[PDB]
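Following: one structure in structure tokens, then a few remarks.
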Amino acid sequence: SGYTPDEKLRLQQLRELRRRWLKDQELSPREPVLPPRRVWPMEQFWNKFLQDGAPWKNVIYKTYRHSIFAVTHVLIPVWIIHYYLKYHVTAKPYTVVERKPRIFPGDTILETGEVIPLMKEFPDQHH
Amino acid sequence: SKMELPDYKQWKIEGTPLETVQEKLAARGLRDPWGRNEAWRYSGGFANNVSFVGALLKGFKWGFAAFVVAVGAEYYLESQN
Amino acid sequence: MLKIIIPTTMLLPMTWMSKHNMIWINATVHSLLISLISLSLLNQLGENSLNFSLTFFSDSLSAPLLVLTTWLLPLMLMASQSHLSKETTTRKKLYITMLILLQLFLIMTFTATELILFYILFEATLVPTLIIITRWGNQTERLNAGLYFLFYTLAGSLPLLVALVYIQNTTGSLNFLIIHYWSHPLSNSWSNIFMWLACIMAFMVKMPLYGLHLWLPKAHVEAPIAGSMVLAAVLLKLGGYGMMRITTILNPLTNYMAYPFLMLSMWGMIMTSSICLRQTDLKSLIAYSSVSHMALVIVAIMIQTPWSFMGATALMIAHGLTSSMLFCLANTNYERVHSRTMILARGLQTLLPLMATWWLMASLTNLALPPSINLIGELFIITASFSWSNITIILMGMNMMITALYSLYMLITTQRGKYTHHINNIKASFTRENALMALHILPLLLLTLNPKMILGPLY
Amino acid sequence: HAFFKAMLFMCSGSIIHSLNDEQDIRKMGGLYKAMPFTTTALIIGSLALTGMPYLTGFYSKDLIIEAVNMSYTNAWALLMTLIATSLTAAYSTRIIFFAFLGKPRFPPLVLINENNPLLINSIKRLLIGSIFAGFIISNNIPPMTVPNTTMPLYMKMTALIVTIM
Amino acid sequence: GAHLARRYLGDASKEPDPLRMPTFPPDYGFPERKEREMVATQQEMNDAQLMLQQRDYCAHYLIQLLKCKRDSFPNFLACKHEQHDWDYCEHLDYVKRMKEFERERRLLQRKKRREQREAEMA
Amino acid sequence: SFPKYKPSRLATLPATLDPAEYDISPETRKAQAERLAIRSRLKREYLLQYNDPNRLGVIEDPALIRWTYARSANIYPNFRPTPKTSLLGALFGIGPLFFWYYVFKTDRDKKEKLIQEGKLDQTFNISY
Amino acid sequence: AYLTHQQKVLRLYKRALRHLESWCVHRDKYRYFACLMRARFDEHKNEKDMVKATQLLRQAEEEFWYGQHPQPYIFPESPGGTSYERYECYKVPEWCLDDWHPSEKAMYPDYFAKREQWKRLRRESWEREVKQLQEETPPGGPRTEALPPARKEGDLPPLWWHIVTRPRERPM
Amino acid sequence: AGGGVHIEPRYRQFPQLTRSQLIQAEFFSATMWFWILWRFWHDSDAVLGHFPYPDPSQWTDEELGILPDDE
Amino acid sequence: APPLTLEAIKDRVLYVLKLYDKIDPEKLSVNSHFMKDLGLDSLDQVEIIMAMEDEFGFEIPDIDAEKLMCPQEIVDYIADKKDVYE
């Protein structure tokens, strides 16, 4: 109504306990100690190419990130799935099927060389 | 930092729309003592909010300038051709 | 088949004389090699069933189930030594012996050639399961469970025996090959109607059909985990397999008496699913879900359509795997809490992330998320039923809906919430159970990749 | 539908993020000058969603409206189209009146912030998308439906004045 | 909605019902007309596989437009004069359609005349 | 006034408009006090078990097993085949039975009298 | 405990004016109407008959419930908002940290050490606090839901550990 | 924490706004404006119709073709 | 936001209550009971408690709305509820 001293004594006793527990929740300088780990020499070279602080070196560090991205993420697919298509998938009937392109009058077909015959005059309307 | 709040004596119900709230409610026989809690909303840079047509209008001046210079350029090119 | 029978039989002396510590390791590993040997049995000729001998033969229906049992046998061994750690060595060895005898009887059942031998081993699976359910059970109505299970099975089994011996006297032989090649049309005589009922009702009791399905919510819920998974995963498939064998000499009569039971399943799969929704225990929910899936398999069987048979077989395999995994997960949670109400321990997704996953795709496969073999097996039956009768779809369409509800409901109410504060015995996930759910899950997606194997003899 | 809706969606996410995760409209206001980038993103999201001419947004809806006007349809069928465009404009201006316009209605602690490269980059990608992608696709793709030529003018412009009323 | 009002609210037979109209032969009433010519040919018609909806009397301008546009890349702003031509030719055929509509409409007025003017004999 | 929301099956009377909390009586407040007393006891010993450092496993809850046993065990022993019970059994368990059988059989025979008379589509139905 | 009339009108004022905030939306409207409703409340505090005062409360609650907002505002973290129970998926019970593997324990060493001394606090406090709640228990069954204090010095107040070691407001 | 992060809390005051983000906001608004006015001038015929609607009552009876109304 | 602190949230509450006209600048104190030290009524205490509810973002529980009176205990409940510990 009501924060009675009987209930107060509980409340700030629980306060000092809760606060000290929260100080304990705070970590320490050694926290978090991380067990020793091996580091490959290539990323040693790359972090030394990152430490110098030069603009061009940071730019080419990230473009080599992008380059390894290209080779191992967007180049090996056009490797493998093209290997799969042109020699395995396309080698079997009807696996790959393409509609005949829209061939308009006055268009030359590569194989036959004939130009599709032209059509009669347009009504020559004008607005 | 310590997060130094500004002095209270500049967050005044005066200079805010709450005046039409206060005296009107004073006419009703009461008084508004919580008004200047919101005084910062009606004061400072937050004041004089733009209208609806003004809200949609943002960037129309430079757009009109680009319009007129672009049509001048295309008038020049078609005159030359 | 003695390249699989003889090693299974000789597996008994190994456990029965192994040391106090080597029984589990030896049984697990050698059962794994047995499963590896039975993996060969997936080698199937185009249309001719592989007839190893006069008394043993296999085709594209018996072989997947046999591989399922043989691959399963290590799984009970891995799931049992948790609740079997504090036992005498002789008692543990006998538990293992019950499991091996069960697997052996299932192998002879699936590879049997004469219908009478099939009946002998099919029913003979009761005894080891009875011992497992009764002696090693932990709950109260386990003693009642054994009585209910045995009597429900036998009440159908004996009329089947009378019908089989009558067929032997009349037709000439109970051999599958003879009764199929020398099959004769069945007249619509009422004595023939009762013969069909005798030949059908035993398997439909073990199916189970709606109504006379009370032995599962009172048997699987009570059995030790190993017994529970061997029951739900394969012993339910016994009735379906037997029906697939027996409908060869049960036509064209079936259709006229297909009307009562079919819808009995079709309607029943709804109620069981609804019963799943308002459950209190995990194991009972899984049991009722098993009843509904097996009822769908019943419908597939009585349609007698090629597509229905293929979808049926796929559903049997997928349901066996999923039900075994779900029971194992329920046992893990129950043992961690020593209770089975699905409200006592909720919000354990955070505490056990790998259990959270295992439950997630266990539910997904139970919910039949495509293109899992569960979904394709269900959908083939749905298409066959729609071809047989259109309206079925809405009932079918209801089922997974309600299924989906409970298929996620327990996951919402056991891991997707807030943990209970007063409980603290939930320890770090012992990698035994996580690995066990792995050996449950990876074969499921592997068979999903190539479902032509579990597709049955109609493929 | 992807462009302007995703736009005002992550703009809404931005305003929620700035105001210590506060969502209900009655608890922010006067954020027009407080943040001009998200304000521009919001009113341009409406500027595409409501489909004023010559921007990605309209490159469907006007024709859409034309499609329902010049066709064999039902009275309610087109009535809900026009009235729903009007309703859409209603809360389109309602939300800008709440959040950025009006007087501040957010808690006293002023943490409205936009200074993040990811946020600005992500919104500006869709900004250019919602300003020219509709033009790109519309002028590019071959005509897959015979365009409706000369027709009574009263149902051509109907879509715009219902939005504005 | 004018003719719609005159048909629904007023006389249904007064306005052309959208399905059957014209209910009178084109040669009858209208001075002897001529079967609308085909600039486009069937072989060219399916050579570009135009959709059946865009397979009208007017499709010659569209096939020429696609002939230019397929040869006009990346310039998507070009071929404006030919699409304007197709728009005007669609407008011409739409004028033909409303001419059929008003032909049915006015011949329906004439039909009403023939009916009740002759019926006044009673 | 705007007439009061009559309580629904899925929404009870609002706690704001409860007459009992308004026209209170000494016995009403007494009946509301000793519930607080027993609830205080129930929170107390729960806290003692819950704050016991050596508490391991689960604090077994009698009420939970009471619910489970009531909804799992007592249902049949307490069941008496009253006329209402048998009526509900007939209406639910076996009621929709004839309904589904009738509709399915009607479709089956109606279609059957369409194949053998040739009045159905069979051109591309070689899979069933 | 029991809901006295002053409590039933304090809750009434809270609900009515928060719903009025949801209604009027704008802050100046809210201020004007809130002062007006404050007057409308305090004008007739002098209802001598408690039955008559409860009847006026009947009318007030009736009209407020008829006119309460169809979408009253609730802040997110508070019960009913968008952030309500949204952080439960992050908080983990404290006893889980007795489960961490010795590698996991040593990788956070001194926090485990201070958990060890807090655990020692819990052990040394359990018997003291149970006898403390025993000596001041309401004779023959607890009477009120209140919680007994640490009247003496150094005793951890009875039933303290879970409140003290409660998952923080923002575990993250 | 964020000790001295770029954005500074301002108790009940207008917060700081680096002129960059306002100038790009006006950049974007001016661009969408200029875009719609330029395309308005270039292609107004798209939005007001290339050809007006041919009202039918004004049509005569010759091109409309119906036989003499006094037949 | 940076970790809220006892004296910072104390500063916010003192500004918003000294801000009240009924609480003139002079009778503001760290021990300022709303009934006796400052003369406000229960209705007034609920007004100021709900103004707090609005300007802090958090929502007071009804068990605390009718009973949180002195700014010491007021800022104390704030410290406990939002884990304000420093």
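Chains as they are written, first to last, in the authors' numbering: chain 1i, 1 to 127; chain 1k, 11 to 91; chain 1M, 1 to 459; chain 1L, 332 to 496; chain 1o, 1 to 122; chain 1m, 1 to 128; chain 1n, 7 to 178; chain 1j, 1 to 71; chain 1U, 3 to 88.
Even for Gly, the Cβ is constructed at its ideal location relative to N, Cα and C.
Output, in chain order, the set of chain 1i residues within a Cβ distance shorter than 7 Å of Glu75 (chain 1U).
If you number the ninth sequence from 1, residue 75 (chain 1U) lands on position 73. Here the neighbours are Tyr3.
Segment contact, 8 Å Cβ cut-off, at least three pairs: the segment 426-437 of chain 1M with the segment 301-312 of chain 1M:
no
Does DSSP put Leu436 (chain 1M) in a helix, a strand or coil?
For the purposes of this step, residue 436 (chain 1M) is identified with residue 436 of the third sequence, where counting begins at 1. Of the three classes helix, strand and coil, the one that applies to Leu436 (chain 1M) here is helix, per DSSP.
Using only the alpha-carbon positions, how far apart do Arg436 (chain 1L) and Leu9 (chain 1n) sit?
Taking the first residue of the fourth sequence as position 1, residue 436 (chain 1L) is located at position 105. Taking the first residue of the seventh sequence as position 1, residue 9 (chain 1n) is located at position 3. Roughly 34 Å between the two C-alpha positions.
Could you please give me the residues that DSSP links to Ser8 (chain 1m) through a beta bridge?
As a first step, residue 8 (chain 1m) is located in the sixth sequence; it is residue number 8 there, counting from the start. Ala11 (chain 1m), per the DSSP bridge assignment.
Beta-carbon of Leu22 (chain 1j) versus every beta-carbon of chain 1L: anything under 8 Å?
Against the eighth sequence, residue 22 (chain 1j) aligns to sequence position 22. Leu22 (chain 1j) counts as touching chain 1L.
Do the segment 436-449 of chain 1M and the segment 114-130 of chain 1n touch if we need at least three Cβ pairs shorter than 8 Å?
no
Endpoints, the alpha helix (DSSP H) within which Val78 (chain 1k) is located
As a first step, residue 78 (chain 1k) must be located in the second sequence, where it is residue number 68. Looking at the DSSP string, the run of the alpha helix (DSSP H) that includes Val78 (chain 1k) is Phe70 to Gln90.
Check whether the segment 98-110 of chain 1n and the segment 417-428 of chain 1M are in contact - that is, three or more C-beta pairs closer than 8 Å.
yes
Have a look at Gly388 (chain 1L) and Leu409 (chain 1L) and give me their C-alpha separation to the nearest angstrom.
Locating residue 388 (chain 1L) in the fourth sequence gives position 57, counting from the first residue. Locating residue 409 (chain 1L) in the fourth sequence gives position 78, counting from the first residue. The alpha-carbon atoms of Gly388 (chain 1L) and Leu409 (chain 1L) are separated by roughly 20 Å.
Chain 1m partners of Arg176 (chain 1n), CB-CB under 8 Å?
Start at 1 with the first residue of the seventh sequence, and residue 176 (chain 1n) comes out as number 170. Within 8 Å Cβ-Cβ: nothing; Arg176 (chain 1n) doesn't reach chain 1m, min ~24 Å.
Just how far apart, CA to CA, sit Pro63 (chain 1U) and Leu47 (chain 1m)?
Residue 63 (chain 1U) sits at position 61 when you count from the first residue of the ninth sequence. Residue 47 (chain 1m) sits at position 47 when you count from the first residue of the sixth sequence. Rounded to the nearest angstrom, the two C-alpha atoms are 23 Å apart.
Is the segment 162-178 of chain 1n close to the segment 75-86 of chain 1U, with three or more CB pairs under 8 Å?
yes
Strand pairing of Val441 (chain 1L), partner residues [DSSP]:
Counted from its first residue, the fourth sequence places residue 441 (chain 1L) at position 110. Per DSSP, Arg10 (chain 1j).
Runs of alpha helix (DSSP H) lying entirely within the segment 366-444 of chain 1L, each at least 4 residues, in chain order
367-380, 389-400 and 406-429
Paired residues, beta bridge with residue 130 (chain 1i) - DSSP:
As shown, chain 1i starts at 1 and ends at 127. That puts residue 130 (chain 1i) outside it, with no answer to give.
How is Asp52 (chain 1m) classed by DSSP in three states: helix, strand or coil?
The sequence position of residue 52 (chain 1m) within the sixth sequence is 52, counting from 1. DSSP places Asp52 (chain 1m) in coil when its eight states are reduced to three.
Residues from the segment 19-34 of chain 1n in contact with chain 1k, defined by Cβ distance under 8 Å
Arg33 and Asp34
The segment 5-26 of chain 1U: which residues have C-beta closer than 7 Å to a C-beta of chain 1j, in chain order?
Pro5
Please identify the residue among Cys342 (chain 1L), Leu394 (chain 1L), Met383 (chain 1L) and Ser377 (chain 1L) whose C-alpha is closest to the C-alpha of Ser469 (chain 1L).
Counting from one through the fourth sequence, the residue named residue 469 (chain 1L) turns up at place 138. The shortest Cα separation from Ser469 (chain 1L) among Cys342 (chain 1L), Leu394 (chain 1L), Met383 (chain 1L) and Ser377 (chain 1L) belongs to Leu394 (chain 1L).
Verify whether the separation of the beta carbon atoms of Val81 (chain 1k) and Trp41 (chain 1j) is less than 8 Å.
Mapped onto the second sequence, residue 81 (chain 1k) falls at position 71. Mapped onto the eighth sequence, residue 41 (chain 1j) falls at position 41. Yes, Cβ-Cβ distance for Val81 (chain 1k) and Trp41 (chain 1j) is below 8 Å.
Between the segment 70-81 of chain 1M and the segment 42-62 of chain 1M, are three or more C-beta pairs nearer than 8 Å?
no
Mind listing, in chain order, the continuous alpha helix (DSSP H) runs of no fewer than 4 residues lying wholly within the segment 384-451 of chain 1M?
392-414 and 431-449
Which residues of chain 1n have a Cβ atom closer than 8 Å to the Cβ of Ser28 (chain 1i), listed in chain order?
Here residue 28 (chain 1i) is taken as the residue at index 28 of the first sequence, counted from 1. Near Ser28 (chain 1i) (Cβ distances below 8 Å), the residues of chain 1n are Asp116 and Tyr117.
Would you say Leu14 (chain 1i) lies against chain 1n (beta-carbon separation less than 8 Å)?
Mapped onto the first sequence, residue 14 (chain 1i) falls at position 14. Chain 1n, which has a Cβ nearer than 8 Å to the Cβ of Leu14 (chain 1i), makes this yes.
Got a sec? Which residues, its chain only, sit under 6 Å from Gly29 (chain 1o) by beta carbon, not counting five neighbours each side?
By one-based count along the fifth sequence, residue 29 (chain 1o) stands at place 29. Contacts found: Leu107.
Where the segment 39-69 of chain 1m meets chain 1M: residues whose CB sits under 9 Å from a CB there
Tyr46, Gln49, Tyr50, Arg55, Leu56, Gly57, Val58, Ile59, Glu60, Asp61, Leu64, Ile65, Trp67 and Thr68
Whole angstroms are fine: how far does the CA of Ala53 (chain 1U) sit from the CA of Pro53 (chain 1m)?
Reading the sixth sequence from its first residue, position 53 is the one you call residue 53 (chain 1m). Reading the ninth sequence from its first residue, position 51 is the one you call residue 53 (chain 1U). So the alpha carbons of these two residues sit roughly 42 Å apart.
Within its chain, find whatever has a CB closer than 7 Å to the CB of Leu150 (chain 1M); leave out the 5 residues flanking it on each side and keep chain order.
Here residue 150 (chain 1M) refers to the residue found at position 150 of the third sequence. Cβ within range, chain order: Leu126 and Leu130.
Between which two residues does the alpha helix (DSSP H) harbouring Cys41 (chain 1n) extend?
As a working mapping, residue 41 (chain 1n) is identified with position 35 in the seventh sequence. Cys41 (chain 1n) -> alpha helix (DSSP H) spans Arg33 to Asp48.
Would you mind telling me which residues of chain 1i sit closer than 8 Å to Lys84 (chain 1U), beta carbon to beta carbon, in chain order?
Here residue 84 (chain 1U) refers to the residue found at position 82 when the ninth sequence is read from its first residue. Those do not exist, as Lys84 (chain 1U) stays about 12 Å from chain 1i at its closest Cβ, beyond 8 Å.
Contact between the segment 21-32 of chain 1j and the segment 43-56 of chain 1i (3+ Cβ pairs under 8 Å):
no
Got a sec, what are the start and stop residues for the alpha helix (DSSP H) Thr69 (chain 1M) sits in?
In the third sequence, residue 69 (chain 1M) corresponds to position 69, counting from 1. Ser62 to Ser80 is the span of the alpha helix (DSSP H), which, as asked, contains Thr69 (chain 1M).
Since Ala314 (chain 1M) and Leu106 (chain 1M) are thought to touch, with beta carbons under 8 Å apart, how far apart are those beta carbons, to the nearest angstrom?
Within the third sequence, residue 314 (chain 1M) is the residue found at index 314, counting from 1. Within the third sequence, residue 106 (chain 1M) is the residue found at index 106, counting from 1. In fact, because the Cβ distance is near 19 Å, the residues do not count as touching under 8 Å.
Roughly how many whole angstroms lie between the Cα atoms of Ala70 (chain 1m) and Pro163 (chain 1n)?
For the purposes of this step, residue 70 (chain 1m) is identified with residue 70 of the sixth sequence, where counting begins at 1. For the purposes of this step, residue 163 (chain 1n) is identified with residue 157 of the seventh sequence, where counting begins at 1. Spanning the two alpha carbons is a distance of roughly 40 Å.
Is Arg30 (chain 1i) near ligand 2, going by C-beta to nearest heavy atom under 7 Å?
For the structure depicted, ligand 2 is absent and the ligand set is empty, with no information on it obtainable.
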